[PDB]
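In the form deposited without the named molecule, a lone chain appears below as structure tokens.
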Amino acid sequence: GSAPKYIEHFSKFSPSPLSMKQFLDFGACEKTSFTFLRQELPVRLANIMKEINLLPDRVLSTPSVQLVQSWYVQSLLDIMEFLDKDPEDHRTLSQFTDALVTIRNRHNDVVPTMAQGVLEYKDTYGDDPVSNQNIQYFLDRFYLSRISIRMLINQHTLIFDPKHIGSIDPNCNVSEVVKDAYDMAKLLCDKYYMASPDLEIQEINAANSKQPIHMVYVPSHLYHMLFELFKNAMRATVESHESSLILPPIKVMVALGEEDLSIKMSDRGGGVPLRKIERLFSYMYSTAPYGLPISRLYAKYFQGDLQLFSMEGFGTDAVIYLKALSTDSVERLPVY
């Protein structure tokens, strides 16, 4: 086989970050999407695969890692087939879309698969701070890499099968996504607890006092994050007030500035002490025999962040920081 040679070849290129703008303007440009995707997916696959291989033989040789490594090898090769094919042959295009689908389905379970490797490492070698910083370093990178691959793939398969441009909404109403995510979390909250905090939403459009706040974003990434946040805020609120009557609302604010769009979600669930806040974001210290960390990645992915600060004995605030302008929303990608 050729795999390690290909990996070596394509790992000399640097993956290429795109912006929301460049992502929009892509969506008949199917020849052009293809000729781009056939270089770039291998680049991105090569690069992360190269980094998997820098892991110590004690990690590298465990079943989890070796399995997901087998998926990446097949996906690379799967796309190799197409390096010398013909962009003008409308059935070459037709069967590449099929090929991307099969790849997206080969990888659906990397999250819980890798989670197994964390779990085995944890009982196999220990949960020390140094192990943990490396797991953290590796997984933020790997999962961020993966997020971008799916972004590429979803943009192609959705556009090449009028308002939304595949997974991007160029007029995303942020309150709307807030309410939806809330409704859904509230549904689960009512099932498992038979009580649930209300929602208040206020907007602050700096430049434009009374216009509803819209942006260019990938709404499902935003739903993902809001949803996680609402689950956490509901849990704490409900459970901190079991012996008590009153049940405080979850208060969200959506602020729109010159460069940030920010979303705060304040609760009164009684908080977390400063010392325990880092762990909530740790893959290792929160795996036990998508999550905060992964929500944060989604924010980081287009130059955003997702930050927690608590007041122990009162509650927790959670901010999602996003770039307001499409021009500032550019993929954050790791490189070998």
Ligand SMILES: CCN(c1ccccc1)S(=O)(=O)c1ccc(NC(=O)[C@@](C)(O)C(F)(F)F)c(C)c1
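Residue positions are given as counts along the sequence shown, with the first one as 1.
Another form exists, solved in complex with the named molecule; not displayed. Remarks below refer to it.
For a residue to qualify, one of its non-hydrogen atoms must sit within 4.5 Å of the named molecule in the deposited complex; none of 67, 103 and 108 qualifies. The candidate stretches are 148-156, 72-80, 170-178, 214-222, and the one lying within 4.5 Å of the named molecule in the deposited complex by heavy atoms is 148-156. Using a 4.5 angstroms threshold between heavy atoms, residue 327 stays clear of the named molecule in the deposited complex. Under a 4.5 angstroms non-hydrogen atom cutoff, the named molecule in the deposited complex has residue 37 among its neighbouring residues.
Residue 10 falls outside the set of residues with a heavy atom inside 4.5 Å of the named molecule in the deposited complex. Contact annotation: residue 303 falls outside 4.5 Å of the named molecule in the deposited complex, judged by heavy atom distances. Residues 18, 22, 23 are the ones in 5-23 with at least one heavy atom within 4.5 Å of the named molecule in the deposited complex, listed in sequence order.
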